[PDB]
Amino acid sequence: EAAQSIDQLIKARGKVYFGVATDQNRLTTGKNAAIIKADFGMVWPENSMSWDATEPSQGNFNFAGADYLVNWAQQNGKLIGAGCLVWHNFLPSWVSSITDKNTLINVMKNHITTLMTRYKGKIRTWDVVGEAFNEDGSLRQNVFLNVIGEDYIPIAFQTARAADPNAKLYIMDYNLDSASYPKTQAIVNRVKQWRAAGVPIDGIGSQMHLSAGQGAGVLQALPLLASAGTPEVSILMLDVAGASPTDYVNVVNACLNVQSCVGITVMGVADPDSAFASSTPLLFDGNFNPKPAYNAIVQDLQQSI
Ligand SMILES: O=[N+]([O-])c1ccc2nn[nH]c2c1
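Going letter by letter, the sequence shown gives residues 1 to 303, 305 to 306 in the deposited numbering.
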């Protein structure tokens, strides 16, 4: 049927992409590859770029998984996003154990530089720092903050910019979905301050793992995130418990309303492959058919001349 690719449709409304997280296991099973080819314009490695996946012991990198994703994307004319270079998730214990500031700075920089160098020029968007905030808006006391202090964020971004000046560099977080929530306010105010200091934060990515009914609030939260003045904002890791068309269309329209929002990435293709499968939160079902939210996004994005 005509005009059924949400990526094609969102591009026709001036955005860069509709994307999805994936990896080798997905691409070779189900109908994921076919759906991504037809309907999506950007992919991200779901897990294969994590620190656990890529640098399981100090200085010794594992790129088979990430390479597969990058190659598939290139073969299929998809943009690539990748991450997360620096966050508290999927960290090896060898990183967590480090207590010396200069050692951890250099471990972090080596991790950033190695990954970004390998894929230099190939990656549209790097999620450089993730989940750096507490719910109250203070900085999360992860190993980087505890050992390096708050300079770890400027250092990560400056390192990333040097490693691949072509990439758009993002900070990302979750629970940025309500405009009155302290975390949302805080990332904005802090990104403003980092950018005023010349830290090369090109984007804020909102990890939109939503519960039912939360789409509406994104219509206020996304504009708020964009007010930090980054060149770009993005929607990441999108899923919605119950997958209501209302929620999904609200999220999409928040993207459309926000000039600097370049695109939307969903957390996966089909419900059974979600980490939250019982909540059926994705756009395709367990038979790989498009759900009502997919079709509602199509209608919302369709445009006579
Ligand atoms: O938007 N994404 O679905 C997504 C998935 C995994 C990631 N790791 N870093 N950034 C990511 C974005």
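C-beta atoms are modelled at their ideal positions from N, C-alpha and C, and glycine is treated no differently.
Residue burial classification, residue i (beta-carbon count within 10 angstroms, cutoff 16)
i	result
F157	buried
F40	buried
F90	exposed
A226	buried
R190	buried
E232	buried
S180	exposed
residue 304	Between 303 and 305, the chain has no modelled residues, and residue 304 is one of the positions in that gap.
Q214	buried
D177	buried
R13	exposed
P281	buried
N257	exposed
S5	buried
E1	exposed
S138	exposed
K15	buried
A64	exposed
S50	buried
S48	buried
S57	exposed
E150	exposed
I306	exposed
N106	exposed
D127	buried
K183	buried
Distance cut-off 7 Å: residue i Cβ against heavy atoms of ligand 1
i	result
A212	no
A21	yes
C261	no
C255	no
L236	yes
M116	no
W51	no
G65	no
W44	yes
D39	no
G130	yes
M108	no
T54	no
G203	no
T230	no
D164	no
Beta-carbon separation (whole angstroms), residue i vs residue j, contact threshold 8 Å
i	j	result
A167	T125	7 Å
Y174	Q207	4 Å
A270	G286	6 Å
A21	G268	6 Å
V188	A228	4 Å
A254	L222	4 Å
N250	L224	That belief does not hold up - the Cβ atoms of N250 and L224 are roughly 15 Å apart, past 8 Å.
Ranges of the alpha helix (DSSP H) found wholly within the segment 236-301, counting only runs of at least 4: 245-257 and 292-301
What are the start and end residues of each continuous alpha helix (DSSP H) run of 4 or more residues lying completely inside the segment 124-173, in chain order? Whole alpha helix (DSSP H) segments, 4+ residues: 143-148 and 152-163.
Residue ranges of each alpha helix (DSSP H) within the segment 65-121, 4 or longer: Fully enclosed alpha helix (DSSP H) runs of no fewer than 4 residues occupy 93-96 and 101-118 of the segment 65-121, in order along the chain.
Beta strand (DSSP E) runs contained entirely in the segment 20-62, provided each spans 3 or more residues: 42-45
Please give me, in chain order, every unbroken run of the beta strand (DSSP E) with length at least 3 that falls completely inside the segment 177-246. 203-210 and 232-240
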